[PDB]
Amino acid sequence: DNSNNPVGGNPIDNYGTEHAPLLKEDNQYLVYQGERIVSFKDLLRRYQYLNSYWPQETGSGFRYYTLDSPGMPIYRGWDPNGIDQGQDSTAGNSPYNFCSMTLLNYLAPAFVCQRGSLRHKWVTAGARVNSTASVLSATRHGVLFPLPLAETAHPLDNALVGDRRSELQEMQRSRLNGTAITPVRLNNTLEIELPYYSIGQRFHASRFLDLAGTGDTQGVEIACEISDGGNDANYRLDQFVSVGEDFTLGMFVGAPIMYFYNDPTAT
Amino acid sequence: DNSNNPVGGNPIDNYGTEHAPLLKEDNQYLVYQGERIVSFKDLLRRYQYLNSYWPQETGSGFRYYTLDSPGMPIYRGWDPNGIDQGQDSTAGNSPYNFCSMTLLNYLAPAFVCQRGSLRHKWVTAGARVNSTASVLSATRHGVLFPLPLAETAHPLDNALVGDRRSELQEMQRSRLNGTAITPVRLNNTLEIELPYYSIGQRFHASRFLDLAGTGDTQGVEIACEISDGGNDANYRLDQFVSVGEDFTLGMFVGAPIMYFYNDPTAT
Amino acid sequence: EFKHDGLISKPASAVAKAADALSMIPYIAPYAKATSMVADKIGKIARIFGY
Amino acid sequence: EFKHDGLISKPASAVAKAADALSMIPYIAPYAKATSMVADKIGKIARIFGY
Amino acid sequence: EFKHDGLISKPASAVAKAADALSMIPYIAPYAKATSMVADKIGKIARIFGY
Amino acid sequence: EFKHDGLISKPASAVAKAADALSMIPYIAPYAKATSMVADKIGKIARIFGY
Amino acid sequence: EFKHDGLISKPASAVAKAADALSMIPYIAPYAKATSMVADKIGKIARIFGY
Amino acid sequence: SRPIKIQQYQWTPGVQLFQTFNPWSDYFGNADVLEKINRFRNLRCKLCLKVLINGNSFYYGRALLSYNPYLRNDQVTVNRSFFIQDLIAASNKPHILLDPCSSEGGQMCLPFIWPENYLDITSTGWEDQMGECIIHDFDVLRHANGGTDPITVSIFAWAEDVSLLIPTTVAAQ
Amino acid sequence: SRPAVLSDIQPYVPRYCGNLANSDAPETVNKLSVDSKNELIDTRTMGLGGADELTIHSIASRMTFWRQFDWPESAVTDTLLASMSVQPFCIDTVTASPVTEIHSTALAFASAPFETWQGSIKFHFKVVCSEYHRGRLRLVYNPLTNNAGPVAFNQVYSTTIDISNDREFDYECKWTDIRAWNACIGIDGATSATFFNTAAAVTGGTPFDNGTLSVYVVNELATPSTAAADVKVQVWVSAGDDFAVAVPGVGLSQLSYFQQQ
Amino acid sequence: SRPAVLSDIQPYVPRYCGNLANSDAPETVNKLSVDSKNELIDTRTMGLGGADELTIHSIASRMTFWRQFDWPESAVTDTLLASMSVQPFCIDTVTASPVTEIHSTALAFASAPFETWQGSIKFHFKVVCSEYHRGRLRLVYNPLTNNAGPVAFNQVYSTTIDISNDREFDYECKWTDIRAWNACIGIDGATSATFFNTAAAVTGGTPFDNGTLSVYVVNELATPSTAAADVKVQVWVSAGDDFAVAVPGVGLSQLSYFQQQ
Amino acid sequence: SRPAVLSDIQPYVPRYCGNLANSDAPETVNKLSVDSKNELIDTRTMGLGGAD
Amino acid sequence: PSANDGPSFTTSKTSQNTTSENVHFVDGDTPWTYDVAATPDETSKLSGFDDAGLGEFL
């Protein structure tokens with residue numbers, strides 16, 4: 001008699017004559033909000049700042065900074081495999097990501113499955129030297145080996161022109177994969193979208209938190225020229241993440257265990 | 001017999017045969033003005049210069065200037081909570097705003113209620129150094145706590161990249177709220193509009209003069225990179241204010257008490 | 001409303017001889033917006049009141 | 001779908017008085033995309049669900 | 001008047017064989033503007049007088 | 001052919017359910033170009049072969 | 001003539017199979033311009049002579 | 001909807017009326033209505049008031065009663081001592097003109113105006129900042145035969161369309 | 001990447017700052033909301049009736065008390081009681097040595113952002129007296145100014161109201177000027193000039209006003225006893241039906257809602 | 001290169017960074033694929049049924065276990081067993097000195113990115129007992145707070161369920177607040193406040209909740225023997241039909257899925 | 001932000017100073033008035049007969 | 001109605017006899033009335049809570 005229902009449900013007389021009266025107020029959002037938010041798939045298509053990247057921290061001389069990043073944003077807190085290092089509760093040090101908690105990072109570990117394309121923007125703010133004509137470029141990796149989040153510099157200021165060309169051929173920009181380029185002095189914004197290519201895969205594990213140490217199959221290499229002179233020390237790249245149009249999440253299996261804390265002192 | 005009417009009205013024979021003859025001149029504005037101004041809601045949609053803001057006055061080094069400003073323009077005169085300091089009539093000092101008297105600031109304390117979206121432009125004039133590729137960004141605050149008009153600098157030139165990322169995560173630009181960014185070297189103008197979100201509020205007090213010490217629920221944070229070198233001392237931000245399209249004012253309860261005086265000497 | 005090149009189709013500023021109805025009061029329908037509303041529901045010349 | 005100036009023809013954000021069907025569930029046809037699909041196959045107001 | 005791409009539809013400079021009415025005087029209606037007026041009320045070739 | 005906004009009117013990449021004629025051979029007429037030709041003379045889905 | 005996107009509607013360079021009238025002489029009417037003239041008064045293919 | 005006499009004043013010839021009262025804080029500060037709005041929470045009224053003046057054909061002079069509607073974050077519309085230049089700003093607010101000669105008039109409706117619907121009755125000062133009335137006098141009450149008797153100005157008030165609907169256990173202030 | 005785009009090169013001009021002078025051009029504004037068409041309404045959902053009150057004529061047509069004068073026992077035939085200037089800027093000041101308060105009419109409030117005005121001004125006169133106070137007032141309109149003595153019944157426009165039947169009455173001063181538009185003094189400029197004199201006649205005929213309206217006595221005040229009677233008259237002021245304003249200007253760039261310190 | 005382009009100069013504004021606030025504007029995005037219209041589907045090709053589950057109301061309407069309290073032998077008439085606050089943010093924490101786990105309801109999961117909420121909250125009560133345990137519970141809704149003693153049957157909203165026929169039952173607390181929208185505390189702010197007390201009554205009446213729901217005893221627990229009976233009641237919680245959220249905010253900027261270290 | 005704009009790349013040439021030789025091309029001029037279509041007439045409202 | 005009032009308000013003269021819930025006013029003359037013309041809309045009152053009212057308190 002509806003007595004061990006896994007979803008419950010047995011309505012007993014409560015304190016209202018009219019059942020659900022706020023659905024009968026048609027012109028409610030002409031008075032208070034101006035808009036109504038019904039789905040998360042509509043709200044996941046607002047871009048949000050994830051993380052910044054400084055190209056004059058890897059090599060020396062005039063070189064070509066390359067960054068292998070996952071297509072899905074990395075997660076916010078105390079990783080065991082984090083790209084930064086914070087001061088923990090034992091007055092020591094531990095790996096930590098100083099990235100933001102996006103809505104995609106929030107919603108994804110509560111679902112089983114995940115599939116879809118993912119959109120990025122690379123903004124290139126900061127300072128720069130007056131002698132730059134660099135090209136910012138995004139190029140996708142293969143879908144067999146997920147590369148972790150890594151940073152590499154390719155030197156371009158050799159005496160041999162062939163040993164410069166051999167450094168430009170160590171790059172994913174030289175490959176048959178999809179490449180988007182732009183000049184930094186004229187547009188400085190990529191606005192790319194990573195499609196969901198797969199080796200016969202219908203989805204992947206949406207509850208996979210270790211993106212900075214493993215990566216996923218939608219990784220992208222971001223490449224930008226940098227020189228070793230001053231005022232390029234403040235040259236950086238800002239990543240804005242969002243969600244493509246064929247994106248979906250699987251079955252909801254409950255919220256994960258969450259943790260609330262501010263950012264520590266970066267050491 | 002119409003003898004204590006609160007609005008008056010008892011027409012006695014005056015000196016004209018023809019009643020209201022200037023409404024029968026159809027082609028009057030083909031001769032004299034070229035246009036007719038009938039409503040204030042049409043005239044409130046002209047932008048007007050409010051105030052300027054100098055980012056190299058808050059921090060040191062290369063840093064990220066952020067300014068928490070109200071959505072509604074602050075008022076023109078001798079505040080008790082003013083952002084500047086002028087020489088008063090007692091040959092001393094008192095708080096003072098050196099901002100302009102906009103039409104919105106003029107019309108709003110004569111009405112009881114106020115509701116609507118408000119439009120801003122941020123113009124970024126002055127001088128600058130040749131090594132800038134900054135991004136000017138506007139991002140809205142929450143509607144629970146109105147922040148007063150304040151200025152903050154976030155340092156970005158630390159030795160640790162994580163302690164730069166922890167400063168970029170102290171910013172409202174990193175949040176899920178609505179963000180507009182632009183590059184200063186390419187567009188240098190935001191043209192934002194603050195919507196009227198509210199915690200169940202139908203309007204707010206249109207006769208509230210203390211916007212610089214309290215703020216309102218339509219506040220915005222404006223953010224821009226700045227360096228400590230010379231020729232950035234003349235780098236500034238100009239605010240142009242205007243009125244969105246769902247804007248309205250309540251019931252007219254009379255003009256406020258006004259005051260006429262020029263600007264004092266700024267001390 | 002939100003239409004392509006809406007300033008061309010206005011009388012937009014001025015005399016517009018039949019726009020001497022400045023002595024008329026604008027009527028606002030009980031949940032009328034400003035955009036896709038009374039500028040088309042009062043008349044052609046309801047754009048001098050700001051709508 | 002991929003059409004020229006598609007944001008003008010939406011109700012796009014809001015009340016849109018007949019858009020108070022927020023209590024309706026979206027039905028997805030067995031191989032339906034998001035673009036040239038259910039935003040035209042459910043109804044006019046299927047763009048508040050993100051389609 | 002204020003129309004989209006109005007220079008294409010003019011004869012705009014020149015001979016335009018029927019535009020040898022240079023010996024005609026332009027008539028201005030009693031409250032005529034220059035834009036949405038006599039360039040369409042005199043004839044096709046009233047744009048060589050500057051209207 | 002050379003038309004204005006031709007990418008909007010394509011199926012352009014993909015499934016396009018009736019575009020499972022990948023087992024069909026393209027026929028080239030004896031002096032056929034690539035542009036104003038077989039992409040309209042074979043069928044709608046002759047743009048997955050590169051035409 | 002001065003028309004919007006006139007290069008799309010040309011055969012513009014080439015074979016255009018009926019454009020093998022290269023052995024025809026262009027006739028110029030007694031006060032014909034180059035723009036709004038013989039490119040429409042001779043035929044479709046009078047644009048290979050430069051008109 | 002039962003009227004109570006919230007205010008009573010007396011003009012004397014030679015002396016002015018400058019008075020200030022809060023009709024919402026006078027009606028709902030009564031002892032007998034506070035027993036009826038006691039175990040409820042939401043109120044939403046509309047407080048119509050009425051002014052009665054008895055007068056005579058020999059008295060003259062005139063006073064203005066004006067109503068300030070909302071007054072929550074209102075740093076303008078001063079409430080101070082008497083200036084004759086406070087009658088220009090107060091004549092655009094909802095007002096009534098009261099004289100002793102015709103000895104007539106006075107009834108306003110005083111709408112709800114408030115940014116929330118259904119203001120709380122439990123909370124402290126829940127009716128104080130919802131609009132207040134001020135009686136300014138233009139000069140002074142006079143009399144033509146030199147009579148010096150005072151006359152009475154009475155102000156009644158009652159709530160019109162009450163929506164009193166959520167019960168609670170908390171004592172309503 | 002298959003064909004080549006053969007559309008014409010189309011010329012353009014970049015507009016980075018936009019259009020910030022005109023009031024009707026659409027704008028390319030990034031609204032900071034989720035819905036691009038985020039918009040509320042402007043109606044009676046604030047508790048009100050639903051009338052558009054940002055019309056200039058809706059603000060300016062409100063009858064607002066302006067000033068007050070008296071009509072003494074010693075007044076005789078052809079005695080000036082008050083004289084006032086026909087214009088929108090009807091204010092009144094309260095000085096107290098550091099501060100100077102300016103209390104303005106809704107007619108003067110709604111016409112301060114502008115530089116030209118035209119039209120008719122409505123003056124509502126309100127005599128406070130008992131039933132036994134009788135007499136005739138007289139309302140001179142003079143486009144220039146009134147002379148220092150009595151004003152003749154010819155050569156001016158006058159009305160001569162009896163205050164037995166009409167103790168309260170309004171008088172609409174129409175447009176009788178040599179221009180079409182007069183200038184606006186502003187609330188900033190009206191605080192230094194005399195616009196209500198009640199001892200002599202004010203100076204009109206300027207390019208800023210529409211003349212002057214004055215009140216004289218025709219018949220003396222009749223009294224029911226030997227008591228001293230202090231009769232006053234109130235001047236309320238509003239916009240007439242003709243009233244228009246133009247040329248948005250710098251009339252309120254020096255005004256403030258904070259006292260002088 | 002034959003004619004001259006006589007189209008008008010058309011003004012433009014460059015948008016380099018794009019539109020990253022609105023959720024409906026089309027984008028000029030270089031997709032890194034071969035086909036420009038590269039797109040998968042979002043259906044039952046993952047092994048599932050085909051329902052759209054990124055709706056806010058589809059996530060928030062799931063009945064999820066929240067907490068559990070007990071109903072002792074020593075409980076008598078008008079004894080409070082539990083009191084809880086009517087709001088979305090129903091979480092529960094596990095502290096262990098460096099780490100502090102936050103376990104959140106799907107109702108609290110689906111309402112954390114927002115700053116305003118409204119609507120009805122559904123509470124499912126589930127009494128675990130044998131067939132011989134009898135009594136009456138009582139469910140007080142109070143918009144403000146309950147007093148420290150017995151609560152009267154008048155002056156509150158109550159139901160008084162018999163647990164013989166209905167051992168499991170849900171109760172929908174509708175919207176009875178003075179606003180239209182309350183504020184959202186967030187999962188970050190709900191970890192410091194008391195929302196389930198079971199020893200006293202919780203404090204409602206804040207701008208963050210819709211009151212309080214409390215459970216009292218009307219009739220005592222009847223027992224079949226002299227054995228000690230430990231009867232418990234489970235509180236499950238879901239969103240009602242009215243439930244809506246708005247104002248996307250900063251509610252999850254401080255949350256994380258990695259423990260505190 | 002839902003779909004992707006698949007219109008063609010359209011070439012353009014910027015004209016900052018405008019067209020200051022021809023007498024018939026329309027102009028992108030910011031008129032410093034409230035009404036964009038602010039325009040007087042050219043007639044006998046100057047006291048004259050109305051001839052061009 | 002007439003006499004110098006706008007769309008936002010109304011000045012009228014009501015009756016000499018005023019009844020409101022056990023208090024009668026027999027006035028010597030018709031008073032003046034200033035209405036601020038405030039009609040609220042729907043979605044400004046809670047609907048469905050007419051069960052526990054003041055009249056049926058007992």
# chains A, B, ... in the order shown; residues from 1 in each chain; ligands from 1
>>> residues_around(residues="range 11-24 of chain E", least_positions_apart="3", cutoff="9 Å", atoms="only C-alpha atoms", output="list in words")
residues 7, 8, 44, 45, 46, 47, 48 and 49 of chain E; 23 and 24 of chain K
>>> write_last_selection(atoms="N, CA and C atoms", output="mmCIF file, in the first residue's frame")
data_model
loop_
_atom_site.group_PDB
_atom_site.id
_atom_site.type_symbol
_atom_site.label_atom_id
_atom_site.label_comp_id
_atom_site.auth_asym_id
_atom_site.auth_seq_id
_atom_site.Cartn_x
_atom_site.Cartn_y
_atom_site.Cartn_z
ATOM 1 N N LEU E 7 22.462 55.061 -53.126
ATOM 2 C CA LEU E 7 23.319 55.558 -54.196
ATOM 3 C C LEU E 7 23.288 54.661 -55.425
ATOM 4 N N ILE E 8 22.958 53.381 -55.254
ATOM 5 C CA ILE E 8 22.880 52.454 -56.377
ATOM 6 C C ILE E 8 21.713 52.814 -57.292
ATOM 7 N N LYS E 44 12.237 61.845 -60.991
ATOM 8 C CA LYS E 44 13.394 60.980 -60.781
ATOM 9 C C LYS E 44 14.692 61.772 -60.764
ATOM 10 N N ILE E 45 14.746 62.868 -61.509
ATOM 11 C CA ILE E 45 15.991 63.562 -61.784
ATOM 12 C C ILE E 45 16.169 64.783 -60.883
ATOM 13 N N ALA E 46 15.429 64.856 -59.781
ATOM 14 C CA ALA E 46 15.560 65.962 -58.842
ATOM 15 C C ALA E 46 16.730 65.793 -57.885
ATOM 16 N N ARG E 47 17.650 64.879 -58.169
ATOM 17 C CA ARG E 47 18.837 64.669 -57.363
ATOM 18 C C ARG E 47 20.059 65.365 -57.937
ATOM 19 N N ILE E 48 19.934 65.987 -59.113
ATOM 20 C CA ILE E 48 20.998 66.834 -59.639
ATOM 21 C C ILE E 48 20.918 68.247 -59.087
ATOM 22 N N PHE E 49 19.799 68.623 -58.476
ATOM 23 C CA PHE E 49 19.679 69.887 -57.768
ATOM 24 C C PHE E 49 20.136 69.785 -56.323
ATOM 25 N N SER K 23 29.610 64.084 -53.851
ATOM 26 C CA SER K 23 28.554 64.933 -53.322
ATOM 27 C C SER K 23 27.244 64.194 -53.116
ATOM 28 N N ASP K 24 27.232 62.879 -53.282
ATOM 29 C CA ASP K 24 25.987 62.131 -53.229
ATOM 30 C C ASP K 24 26.033 60.884 -52.368
#
>>> residues_around(residues="residue 33 in chain D", least_positions_apart="2", cutoff="9 Å", atoms="only C-alpha atoms", output="number ranges by chain")
A: 245-246; D: 28-29, 31, 35-38; J: 39-43
>>> closest_residue(among="H:166, H:144, H:43, H:65", to="residue 94 in chain H", atoms="only C-alpha atoms")
H:65
>>> interface_residues(of="chain B", to="chain J", cutoff="7 Å", atoms="only C-alpha atoms", output="VMD selection string")
chain B and resid 142 175 to 182 187 197 199 to 200
>>> write_last_selection(atoms="N, CA, C and O atoms", output="CSV table (one decimal), in the first residue's frame")
chain,number,residue,atom,x,y,z
B,142,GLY,N,26.5,40.0,-6.5
B,142,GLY,CA,25.3,39.5,-6.0
B,142,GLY,C,24.3,40.5,-5.6
B,142,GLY,O,24.7,41.7,-5.4
B,175,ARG,N,34.1,34.2,-11.6
B,175,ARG,CA,32.9,33.6,-11.0
B,175,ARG,C,31.9,33.4,-12.1
B,175,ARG,O,32.0,33.7,-13.3
B,176,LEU,N,30.8,32.7,-11.7
B,176,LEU,CA,29.7,32.3,-12.6
B,176,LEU,C,28.8,33.5,-13.0
B,176,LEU,O,28.0,33.3,-13.9
B,177,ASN,N,28.9,34.6,-12.3
B,177,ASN,CA,28.2,35.8,-12.7
B,177,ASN,C,28.5,36.3,-14.1
B,177,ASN,O,29.5,35.9,-14.7
B,178,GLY,N,27.7,37.2,-14.6
B,178,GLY,CA,27.9,37.6,-16.0
B,178,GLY,C,29.1,38.5,-16.2
B,178,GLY,O,29.3,39.5,-15.5
B,179,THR,N,29.9,38.1,-17.1
B,179,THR,CA,31.2,38.8,-17.3
B,179,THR,C,31.3,39.2,-18.8
B,179,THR,O,31.0,38.5,-19.7
B,180,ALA,N,31.8,40.5,-19.0
B,180,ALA,CA,32.2,41.0,-20.3
B,180,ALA,C,33.6,41.4,-20.3
B,180,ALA,O,34.0,42.1,-19.4
B,181,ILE,N,34.4,40.9,-21.3
B,181,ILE,CA,35.8,41.2,-21.4
B,181,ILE,C,36.1,41.9,-22.7
B,181,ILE,O,35.3,41.7,-23.7
B,182,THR,N,37.1,42.6,-22.8
B,182,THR,CA,37.6,43.2,-24.1
B,182,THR,C,39.1,43.5,-24.0
B,182,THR,O,39.6,43.7,-22.8
B,187,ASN,N,39.8,47.3,-28.6
B,187,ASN,CA,38.4,47.9,-28.6
B,187,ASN,C,38.3,48.9,-27.5
B,187,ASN,O,37.5,49.9,-27.7
B,197,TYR,N,18.1,42.1,-11.0
B,197,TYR,CA,17.9,41.0,-10.2
B,197,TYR,C,17.6,41.4,-8.8
B,197,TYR,O,18.1,42.5,-8.4
B,199,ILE,N,16.0,40.0,-4.6
B,199,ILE,CA,15.5,39.0,-3.7
B,199,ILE,C,14.1,39.4,-3.4
B,199,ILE,O,13.7,40.0,-2.4
B,200,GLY,N,13.2,39.0,-4.3
B,200,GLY,CA,11.8,39.3,-4.2
B,200,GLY,C,11.3,40.7,-4.1
B,200,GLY,O,10.3,41.0,-3.5
>>> atom_distance(atom1="CA of residue 136 in chain I", atom2="CA of residue 75 in chain I")
11.6 Å
>>> interface_residues(of="chain J", to="chain G", cutoff="12 Å", atoms="only C-alpha atoms", output="MDAnalysis selection string")
chainID J and resid 1:8
>>> atom_distance(atom1="CA of residue 85 in chain J", atom2="CA of residue 190 in chain J")
11.2 Å
>>> interface_residues(of="chain A", to="chain H", cutoff="12 Å", atoms="only C-alpha atoms", output="ChimeraX atom specification")
/A:15-16,31-32
>>> interface_residues(of="chain H", to="chain I", cutoff="8 Å", atoms="only C-alpha atoms", output="count of residues only")
23
>>> interface_residues(of="chain A", to="chain L", cutoff="8 Å", atoms="only C-alpha atoms", output="PyMOL selection string")
chain A and resi 15-19+21+25+27-28
>>> select_by_dssp(residues="range 5-251 of chain I", states="strand (DSSP E)", output="number ranges by chain")
I: 10-14, 30-31, 64-71, 80-85, 91-96, 99-104, 114-118, 121-128, 134-142, 168-173, 182-183, 212-222, 231-239, 244-248
>>> closest_residue(among="K:3, K:26, K:50, K:18", to="chain D", atoms="only C-alpha atoms")
K:3
>>> atom_distance(atom1="CA of residue 175 in chain I", atom2="CA of residue 201 in chain I")
20.1 Å
>>> interface_residues(of="chain K", to="chain B", cutoff="10 Å", atoms="only C-alpha atoms", output="JSON, numbers by chain")
{"K": [33, 34, 35, 36, 37, 38, 39, 40, 41, 42, 43, 44, 45, 46]}
>>> residues_around(residues="residue 20 in chain B", least_positions_apart="6", cutoff="10 Å", atoms="only C-alpha atoms", output="PDB file with N, CA, C and O atoms, in the first residue's frame")
ATOM      1  N   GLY I 119       5.036  78.341 -24.314  1.00  0.00           N
ATOM      2  CA  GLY I 119       3.738  77.882 -23.887  1.00  0.00           C
ATOM      3  C   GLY I 119       3.070  78.754 -22.853  1.00  0.00           C
ATOM      4  O   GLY I 119       3.488  79.885 -22.610  1.00  0.00           O
ATOM      5  N   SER I 120       2.030  78.224 -22.227  1.00  0.00           N
ATOM      6  CA  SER I 120       1.211  78.970 -21.290  1.00  0.00           C
ATOM      7  C   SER I 120       1.465  78.485 -19.872  1.00  0.00           C
ATOM      8  O   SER I 120       1.754  77.308 -19.654  1.00  0.00           O
ATOM      9  N   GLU I 172      -4.772  81.518 -16.832  1.00  0.00           N
ATOM     10  CA  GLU I 172      -3.805  80.906 -17.732  1.00  0.00           C
ATOM     11  C   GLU I 172      -3.197  81.983 -18.617  1.00  0.00           C
ATOM     12  O   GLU I 172      -3.881  82.564 -19.463  1.00  0.00           O
ATOM     13  N   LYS I 174      -1.222  82.912 -21.594  1.00  0.00           N
ATOM     14  CA  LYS I 174      -0.864  82.342 -22.881  1.00  0.00           C
ATOM     15  C   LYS I 174       0.411  82.986 -23.412  1.00  0.00           C
ATOM     16  O   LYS I 174       1.008  83.864 -22.789  1.00  0.00           O
ATOM     17  N   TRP I 175       0.815  82.563 -24.603  1.00  0.00           N
ATOM     18  CA  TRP I 175       2.054  83.020 -25.217  1.00  0.00           C
ATOM     19  C   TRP I 175       1.763  84.242 -26.077  1.00  0.00           C
ATOM     20  O   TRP I 175       1.056  84.147 -27.082  1.00  0.00           O
ATOM     21  N   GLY I 240       0.497  75.200 -18.462  1.00  0.00           N
ATOM     22  CA  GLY I 240      -0.712  75.167 -19.247  1.00  0.00           C
ATOM     23  C   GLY I 240      -0.653  74.077 -20.293  1.00  0.00           C
ATOM     24  O   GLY I 240       0.230  73.221 -20.302  1.00  0.00           O
ATOM     25  N   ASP I 241      -1.621  74.118 -21.201  1.00  0.00           N
ATOM     26  CA  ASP I 241      -1.711  73.065 -22.201  1.00  0.00           C
ATOM     27  C   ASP I 241      -0.689  73.240 -23.315  1.00  0.00           C
ATOM     28  O   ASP I 241      -0.282  72.251 -23.931  1.00  0.00           O
ATOM     29  N   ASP I 242      -0.242  74.468 -23.563  1.00  0.00           N
ATOM     30  CA  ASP I 242       0.708  74.757 -24.627  1.00  0.00           C
ATOM     31  C   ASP I 242       2.149  74.435 -24.283  1.00  0.00           C
ATOM     32  O   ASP I 242       3.000  74.547 -25.171  1.00  0.00           O
ATOM     33  N   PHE I 243       2.444  74.066 -23.043  1.00  0.00           N
ATOM     34  CA  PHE I 243       3.799  74.195 -22.528  1.00  0.00           C
ATOM     35  C   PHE I 243       4.731  73.157 -23.136  1.00  0.00           C
ATOM     36  O   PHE I 243       4.441  71.959 -23.124  1.00  0.00           O
TER      37      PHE I 243
END
>>> residues_around(residues="range 137-149 of chain J", least_positions_apart="4", cutoff="10 Å", atoms="only C-alpha atoms", output="ChimeraX atom specification")
/A:14-15 /H:40-42,122-123,166-170 /J:71,77-86,153,155-163,171,173,175-177,200-206,209-221
>>> closest_atom_pairs(of="chain H", to="chain L", cutoff="10 Å", atoms="only C-alpha atoms", output="CSV")
residue,atom,partner,partner_atom,distance
H:1,CA,L:21,CA,6.0
H:2,CA,L:21,CA,5.2
H:3,CA,L:23,CA,6.7
H:4,CA,L:23,CA,9.1
H:36,CA,L:54,CA,7.8
H:37,CA,L:54,CA,8.7
H:39,CA,L:54,CA,9.7
H:40,CA,L:54,CA,9.1
H:42,CA,L:46,CA,9.6
H:44,CA,L:45,CA,8.3
H:46,CA,L:38,CA,9.9
H:48,CA,L:35,CA,9.8
H:50,CA,L:33,CA,9.1
H:51,CA,L:31,CA,8.9
H:52,CA,L:27,CA,8.6
H:54,CA,L:28,CA,9.0
H:93,CA,L:36,CA,9.7
H:94,CA,L:34,CA,6.6
H:95,CA,L:34,CA,7.0
H:96,CA,L:34,CA,7.1
H:97,CA,L:32,CA,8.5
H:98,CA,L:32,CA,9.4
H:102,CA,L:29,CA,8.7
H:103,CA,L:29,CA,8.3
H:104,CA,L:31,CA,5.4
H:105,CA,L:31,CA,3.3
H:106,CA,L:32,CA,5.2
H:107,CA,L:33,CA,4.8
H:108,CA,L:34,CA,5.0
H:109,CA,L:35,CA,5.7
H:110,CA,L:36,CA,7.2
H:111,CA,L:38,CA,6.1
H:112,CA,L:38,CA,8.2
H:113,CA,L:38,CA,8.5
H:116,CA,L:44,CA,8.6
H:117,CA,L:44,CA,5.8
H:118,CA,L:45,CA,7.3
H:158,CA,L:20,CA,8.5
H:159,CA,L:20,CA,9.9
H:160,CA,L:20,CA,9.1
H:163,CA,L:45,CA,7.7
H:164,CA,L:53,CA,7.3
H:165,CA,L:49,CA,6.1
H:166,CA,L:49,CA,7.3
H:167,CA,L:52,CA,7.4
